[PDB]
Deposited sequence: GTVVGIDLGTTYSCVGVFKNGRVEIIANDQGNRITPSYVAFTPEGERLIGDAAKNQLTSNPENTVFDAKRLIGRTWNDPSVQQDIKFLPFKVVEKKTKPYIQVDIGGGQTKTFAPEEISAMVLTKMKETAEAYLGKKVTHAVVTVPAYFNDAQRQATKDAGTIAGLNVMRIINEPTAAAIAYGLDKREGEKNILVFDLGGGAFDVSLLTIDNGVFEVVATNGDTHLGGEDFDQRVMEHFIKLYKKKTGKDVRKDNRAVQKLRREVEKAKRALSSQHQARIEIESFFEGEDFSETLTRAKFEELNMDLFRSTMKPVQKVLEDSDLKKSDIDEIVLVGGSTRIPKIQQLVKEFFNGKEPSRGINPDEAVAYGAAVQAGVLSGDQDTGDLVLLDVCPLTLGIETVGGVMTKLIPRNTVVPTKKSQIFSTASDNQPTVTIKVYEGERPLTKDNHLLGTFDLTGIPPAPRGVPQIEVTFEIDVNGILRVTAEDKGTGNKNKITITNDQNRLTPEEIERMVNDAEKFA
């Protein structure tokens, strides 16, 4: 049986379509969502989920969380370096990637790719499903943010493979939410706006939904804007406050910083229903206590620039779809951070008083949609009708003379899609031709994201400009790029190498074996 897993920054959730409906499956603690946490105890035990989160404050250096904020990123990504300040576990550079180093008991050190941490979370979600179903689960639909780039998508797929899952399809989070909203609606064509603000990433998608036919018209997001940033802002406010009042800098004491995290999380939840919240930490720093009152007004003030920045993607989506505010028939809110009253207010005010759709749990709707998609792709006939057209989030381009972004496949193109182009050589007997592919909307490549450098190899000796190599760039239904090449001369095998440093089957096998040790 194929399950849907929402692999989230802060929490994950697993559902299954069985007997004509979705079941969101409760974990072994009775909880319908599971924290995306992995911890290693002094005695060498690996904890995952609720048990891992519960011991954050006593064992912070060896409690791992927020791996989705690192997955598929390079070491020098400013999102990675900015987040290190608030993470208690050591982040170290390996293979141009941020790896996670922990102590596994007995003074023994171990380093993990973010993929491996996410694989452990996926394994726990798989196990939750296997307990409920009473049998092995080998196939899953796994979620990603709509605005995830090529590397982030592939890395999430690799996490699934490490966890023993054949990833049937990766599904964009707002699209899954739209399926939860729209399945079995028979209203004809409606324009649906999904506003998806979770623990770590933000997406906006505009879909048309028409009697089982779902199409993403436009999407735009920010893969490093979410609940964890709102917590960070408040954490940093109190770290600086303590330094001003006492002279003491607590930024390197991991117990102090993560005890503050724990209190900020509780406070943020309370402030969605109350107007004040108490922060209280007994052994904060060097024996001394820490007590502060956080008002809703102050919480909103500290984050207002981030909150107001959520309207930037909304306007980008309206522009690309050529729709006005009044053309939006339904607003679907998903992700835990859409519970924040000020977020709800800003969205309502942007759309001139329009209330969001009712009957949608923002913590569960994504998993619900993923579970439906899994059922449909399996060959179920008791599921509602589902035809899905989804898009690539980023314009793909090639770097040309002067550092210019020459567009190849535009943003918001329905996938799968491909584009071909003929390449030749610049010098006599040149054996290799290098192509640099970028992701983004700016005119110069220095202001976009490098996807990869691809080398056409084994070009046979000939005078400059004679070889004719057709290179095909295909984005698959998961949103992942494949680059291939064919010789179109009058008469060789052209192999392509790249600098993506992708996890090989050998490397994945080693990671599977390492995880069996616990």
property: Stretches with no C-alpha atoms in the model, relative to the deposited sequence starting at 1; result: 1, 493-494, 522
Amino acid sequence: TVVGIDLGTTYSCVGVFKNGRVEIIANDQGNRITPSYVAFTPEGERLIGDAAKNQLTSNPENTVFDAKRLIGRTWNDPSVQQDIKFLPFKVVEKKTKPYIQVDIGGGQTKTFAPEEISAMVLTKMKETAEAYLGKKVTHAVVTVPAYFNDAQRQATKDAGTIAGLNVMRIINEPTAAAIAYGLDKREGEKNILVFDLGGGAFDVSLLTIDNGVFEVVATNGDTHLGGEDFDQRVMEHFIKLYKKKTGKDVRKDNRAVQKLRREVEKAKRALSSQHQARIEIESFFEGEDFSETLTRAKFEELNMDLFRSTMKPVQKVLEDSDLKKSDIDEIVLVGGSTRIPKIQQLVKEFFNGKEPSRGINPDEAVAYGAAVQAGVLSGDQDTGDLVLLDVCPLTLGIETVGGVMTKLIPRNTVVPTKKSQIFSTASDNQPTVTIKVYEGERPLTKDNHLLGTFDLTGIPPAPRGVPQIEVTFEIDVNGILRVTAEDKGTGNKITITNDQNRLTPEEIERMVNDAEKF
From here on, numbers count along this sequence of modelled residues.
{"query": "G491 dropped in a third or more of the other entries", "finding": "yes"}
{"query": "Between 155-163 and 296-304 (mean CA B-factor, as deposited), the higher", "finding": "296-304"}
{"query": "Entry-level comparison of average CA B-factors, 199-207 and 75-83, reporting the higher stretch", "finding": "75-83"}
{"query": "Residue with maximal Cα B-factor (values as given in the PDB entry) among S118, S321, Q373, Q315", "finding": "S321"}
{"query": "Top residue by Cα temperature factor, when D222, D150, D382, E130 are compared in the entry", "finding": "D382"}
{"query": "Third assignment of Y368 from its chain's C-alpha B-factors", "finding": "lowest"}
{"query": "Modelled-residue ranking by C-alpha temperature factor, third containing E486", "finding": "highest"}
{"query": "Chain thirds of CA B-factor: placement of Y438", "finding": "lowest"}
{"query": "For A515, the third of its chain into which the C-alpha B factor falls", "finding": "highest"}
{"query": "Modelled-residue ranking by C-alpha temperature factor, third containing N54", "finding": "highest"}
